[PDB]
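Data block below; observations after.
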């Protein structure tokens, strides 16, 4: 009762009743999702402050399911104009900051009423605020063209420019002694897209193995880099979980799954006449944590090691001077300010365990925390729109790839399926189904790569000039010979500029 | 039931004192004051109707801005919307505004310009920041102002309306000042507030300042922020800036300055009021820490009231008294202090503080007038003090005899404050 006077006087009455409106929305959401039990039926519904569950993940999951899962299937169609949608998501970010402030005030209000289940862990919600601030500022950057003398970079992003320049099979002006082979350009593009879509430093990119890439138990579309950390990288209190995600993009040239599958194709096979690859691995004597946890995601000097840092420094410098982009050191080497959230073991065991929350009507892992990843972090760091939140945006599939073209590349997975597929280690068949998903994405995105860059070293093999390969190529690329704009999408803002073929070809420097 | 006519037959002192304790609350559809909602275990939550569906569709988008604050418990809103037709025309409410304006804006506090229902009408907010009464200026001049200004021309002038940005959006600030420009209503307003919910100012503040020279009836200016207090009303060292400042011609006009809710007013080395060279009162409303040795206090200022503060230093008069009569602090506390409570000290109670006083047998009527000249050298011609809710004065509090009498200093909420000595 000592803290009540400076808790009332800390706010305006207007701000106090606005905050009470917002946490009343929160407590109504907690009652309609059975997080806190209702006291009775058809009476004065009232919860005590002593047992009101408040946490970072509960506040953020409320924020998801109410504020940023703005689907509204009866009134979705009022976001066509950029001015009205800009006003609407500016209202979204203002209400986001105000609801986070209100629930911070509610967590402060429950502590004086002796609530042990009210700890905010405010750096998580500040990371969420910084995340949506970054996205709304990117939309502020596209909606404002006259900020400075950089209107080209207002239009053009770094990721699309560097990606489409690194899909170029010829390097007559890129580099002479740095980017000779196309496999080295593909592993550079793997490193650049694992930098862009996964905001890590260089050392977490060095930690990437084959066995550290899981699959989506909820999605099957996402590549789950479970950055497992127990008690030794710098940090004690062992369990610190940072989950990561790679989604297939709309454009087949900025997709991390397509680029990863292409470099793994040129790594396992390569060119039979020019550069024989590293070969397909054993996957038979795999201990759970030996073989796939000793092989990196890209080769370097030796065949089973990670490359050198200043080589990638020179690669970044030569690509950004070829693409005319201002390089800075911390924005591509050091740790980013806005990263995926790294959980602790206590909340990761208490919250995501579905058997300890059987009273809840709807588990968080089911819809709003897919693959134990926060939703908005996933669909912002994978460059999507998190506001429709349950649609089929990436599932738009004309001319799907057949199984006959699937069983003609990477036949080793078919051999293991005709081997004892269950008797192997868990990481082995997990990596096999990982390569199945990557091969399906690669086979889906292959006709656009053949149509726009036919001279790439995937096609240094005369089995690709057969009837079925070129027939599927023509069947998927028949609808692009007369259209002025492209068919597939690029980015959530950049589909009204660089969807036109003229600007998309002027992205290129050699052979526009 | 309640009889309206019998209440309006009894004379105006009793009606004043009824509408005094009726703070601003005319309605029965009022929110709970924010002390009961927090000193309670339970949290009152909502959870069907037939008539309110007609009210929440038509009446509610008119009052969306000022009443979306109360979306918790919408029984408070569907009860509100029957008051929203008839309460502004009530004879009790209009009689309250009559007896307020007859006492120069003392009874119910600060009518406010707003722009609702496309009109630029007035508004009255209670202490819970809920509107209850909205009048356009023709209707407000017609049946309350002209209803008591029968023939006396010193009461036709209505110069006590606050303007109060942070109530409303900066687009509505622009539209309100434009419609207030196209009418002759700048002499109508009485004071302005400021919001902002590294010298950067908001858009609604710049719009308010650029039309503030045209007021010619502006007093009682007030701010609410700290990062805005340090910019537009504090001196801050700068003395020559044409744009973004608060236009020195209107600095001369104002009577007083209210400082609403901050942490410190002397965040820098000095909370200097060198300008605003014509203000009389200064009310520190909820500032956490103020030092009286860091305020520079103009040539003619009289009142420094200060409520709801958390820490006060003092004007450190005790550091200058002990150099005058040249003793130690421990000898002063036990030797020169008399603690007399004869009859006028016991009038206003102060049962928790202990009002003290210097001797007469140990000071020979010289270096008593010097010990009093120390106190008047520290106060510099102020009279009214008014310590409300306070805590933990660092230096001990020193008041002169010429100002302690006639209740010109007035400590009100005495729990942690103690030991005021009067010299």
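Protein chains in written order, with the deposited numbering: chain E, 27 to 538; chain A, 3 to 49, 55 to 204, 253 to 478. A virtual CB, placed ideally from N, CA and C, is assigned to each residue, including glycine.
Does the region 312–330 of chain E come close enough to the region 233–248 of chain E to have 3 or more Cβ pairs within less than 8 Å?
-> yes
Chain-ordered chain A contacts of residue 44 of chain E [CB-CB under 7 Å] = On the first chain, position 18 is the one that residue 44 of chain E refers to. By Cβ distance, chain A contributes 76.
Unbroken stretches of the alpha helix (DSSP H), 4 residues or longer, contained in the region 312–392 of chain E | 335–348 and 371–376
Contact list for residue 30 of chain E against chain D, beta-carbon separation under 9 Å = The displayed structure is made up of protein chains E and A, and chain D is not among them.
Quick one: what does DSSP say residue 283 of chain E is sitting in, helix, strand or coil?
-> Stepping through the first chain from its first residue, residue 283 of chain E is reached at position 257. Residue 283 of chain E falls in the helix class under three-state DSSP.
Report the neighbours of residue 45 of chain A on chain E: residues whose CB is nearer than 7 Å to its CB, in chain order.
-> In the second chain, counting from the first residue as 1, residue 45 of chain A sits at position 43. By Cβ distance, chain E contributes 53, 72, 73 and 75.
For residue 107 of chain A, three-class secondary structure by DSSP | Taking the second chain and counting its residues from 1, one reaches residue 107 of chain A at position 100. In the structure shown, residue 107 of chain A sits in a helix (DSSP, three-state: H, G or I).
Contact between the region 47–63 of chain E and the region 144–157 of chain A: three or more CB pairs below 8 Å?
-> no
The beta strand (DSSP E) with residue 108 of chain E in it runs from where to where?
-> Numbered from 1 along the first chain, position 82 holds the residue referred to as residue 108 of chain E. Segment 108–137 is the alpha helix (DSSP H) holding residue 108 of chain E; no beta strand (DSSP E) there.
Shorter than 8 Å from the beta carbon of residue 155 of chain E to some beta carbon of chain A?
-> The residue labelled residue 155 of chain E in the question sits at position 129 within the first chain. Chain A, which has no Cβ nearer than 8 Å to the Cβ of residue 155 of chain E, makes this no.
Kindly indicate the opening and closing residues of the alpha helix (DSSP H) around residue 156 of chain E.
-> The residue you call residue 156 of chain E lines up with position 130 of the first chain. Note, residue 156 of chain E: alpha helix (DSSP H), 148–169.
According to DSSP, is residue 43 of chain E helix, strand or coil?
-> Numbered from its first residue, the first chain carries residue 43 of chain E at position 17. If DSSP states are grouped into helix, strand and coil, residue 43 of chain E belongs with the helices.
Between the region 117–137 of chain A and chain E, which residues of the former have CB atoms less than 8 Å from a CB of the latter, in chain order?
-> 134, 135 and 136
Rank E/506, E/470, E/522 and E/36 by C-alpha distance to the C-alpha of residue 279 of chain A and give the top, closest one.
-> Along the second chain, read from residue 1 onward, the residue named residue 279 of chain A stands at position 224. Nearest of E/506, E/470, E/522 and E/36 to residue 279 of chain A, Cα basis: E/36.
Give the DSSP-derived three-state secondary structure of residue 505 of chain E in the structure shown.
-> On the first chain, residue 505 of chain E is found 479 positions in, with the first residue counted as 1. DSSP places residue 505 of chain E in helix when its eight states are reduced to three.
Do the CB positions of residue 51 of chain A and residue 334 of chain A come within less than 8 Å of each other?
-> As shown, the structure holds no coordinates for residue 51 of chain A; chain A passes over it, running from 49 to 55.
Helix, strand or coil: how does DSSP classify residue 19 of chain A here?
-> Here residue 19 of chain A corresponds to residue number 17 of the second chain, with the count starting at 1. Here residue 19 of chain A sits in helix by DSSP.
Could you name the residues of the region 112–146 of chain E whose beta carbon sits closer than 8 Å to any beta carbon of chain A, in the order they occur along the chain?
-> 135 and 139
Nearest-angstrom Cα separation, counted from residue 367 of chain E out to residue 37 of chain A = Counted from its first residue, the second chain places residue 37 of chain A at position 35. Counted from its first residue, the first chain places residue 367 of chain E at position 341. In a straight line, the C-alpha of residue 37 of chain A is about 37 Å away from that of residue 367 of chain E.
With a threshold of 16 other CB atoms inside 10 Å of the CB of residue 426 of chain A, please say whether the residue is buried or exposed.
-> Position 371 of the second chain, counting from 1, holds the residue named residue 426 of chain A. The residue is buried, with at least 16 neighbouring Cβ atoms inside 10 Å.
Name the chain E residues that come within less than 7 Å of residue 49 of chain A, Cβ to Cβ?
-> As a working mapping, residue 49 of chain A is identified with position 47 in the second chain. 71, listed in chain order.
Return the chain-ordered list of same chain residues with a C-beta closer than 6 Å to the C-beta of residue 436 of chain E, the five sequence neighbours on each side being excluded.
-> On the first chain, position 410 is the one that residue 436 of chain E refers to. So the list reads 465, once near-sequence residues are dropped.
For residue 47 of chain E, decide whether its Cβ has a neighbour in chain A, counting only Cβ atoms nearer than 8 Å.
-> Taking the first residue of the first chain as 1, we reach residue 47 of chain E at position 21. Yes, residue 47 of chain E counts as interfacial toward chain A.
The alpha helix (DSSP H) spanning residue 313 of chain A covers which residue range?
-> Translated into the one-based positions of the second chain, residue 313 of chain A becomes position 258. Here residue 313 of chain A belongs to no alpha helix (DSSP H); instead the beta strand (DSSP E) covers 311–314.
Would a C-beta distance cut-off of 8 Å place residue 169 of chain A and residue 91 of chain A closer than the cut-off?
-> The sequence position of residue 169 of chain A within the second chain is 162, counting from 1. The sequence position of residue 91 of chain A within the second chain is 84, counting from 1. No, Cβ-Cβ distance for residue 169 of chain A and residue 91 of chain A is not below 8 Å.
Once you ignore the five residues that flank residue 479 of chain E on each side, which residues in its own chain have a CB closer than 8 Å to its CB?
-> Position 453 of the first chain, counted from the first residue, corresponds to residue 479 of chain E. Closer than 8 Å at the Cβ level, and outside the excluded window around residue 479 of chain E, lie 193, 194 and 195.
Output the boundary residues of the alpha helix (DSSP H) element that contains residue 46 of chain A.
-> Locating residue 46 of chain A in the second chain gives position 44, where the first residue counts as 1. Not the alpha helix (DSSP H): residue 46 of chain A falls in the beta strand (DSSP E), residues 44–46.
Would you give the residue range spanned by the alpha helix (DSSP H) that residue 430 of chain A belongs to?
-> Taking the first residue of the second chain as 1, we reach residue 430 of chain A at position 375. Residues 424–434.
Pull up the distance between the alpha-carbon of residue 431 of chain E and that of residue 491 of chain E, whole angstroms please.
-> For the purposes of this step, residue 431 of chain E is identified with residue 405 of the first chain, where counting begins at 1. For the purposes of this step, residue 491 of chain E is identified with residue 465 of the first chain, where counting begins at 1. One C-alpha to the other measures close to 12 Å.
Contact list for residue 35 of chain E against chain A, beta-carbon separation under 7 Å = In the first chain, counting from the first residue as 1, residue 35 of chain E sits at position 9. Near residue 35 of chain E (Cβ distances below 7 Å), the residues of chain A are 341 and 363.
Three-state secondary structure assigned by DSSP to residue 117 of chain A | Position 110 of the second chain, counted from the start, is the residue given in the question as residue 117 of chain A. Residue 117 of chain A falls in the coil class under three-state DSSP.
Taking residue 416 of chain E as the reference, which of E/404, E/424 and E/393 has the closest Cα?
-> To locate residue 416 of chain E, count along the first chain from 1; it is residue 390. Out of E/404, E/424 and E/393, E/393 has the C-alpha closest to the C-alpha of residue 416 of chain E.
Determine the chain A residues that contact residue 39 of chain E at a beta-carbon separation under 7 Å, and present them in chain order.
-> Locating residue 39 of chain E in the first chain gives position 13, where the first residue counts as 1. Ordered by position in chain A, the residues that pass the 7 Å Cβ test against residue 39 of chain E are 36, 134, 135 and 136.
At a Cβ threshold of 8 Å, is residue 92 of chain E touching chain A?
-> The sequence position of residue 92 of chain E within the first chain is 66, counting from 1. Not an interface residue.
Closest Cβ-Cβ distance between residue 284 of chain A and chain E: below 8 Å?
-> Position 229 of the second chain, counting from 1, holds the residue named residue 284 of chain A. So no, residue 284 of chain A is outside the interface.
So residue 407 of chain E is in the beta strand (DSSP E); what residue range does that whole segment cover?
-> In the first chain, counting from the first residue as 1, residue 407 of chain E sits at position 381. Residue 407 of chain E -> not in any beta strand (DSSP E); alpha helix (DSSP H) instead, spanning 401–407.
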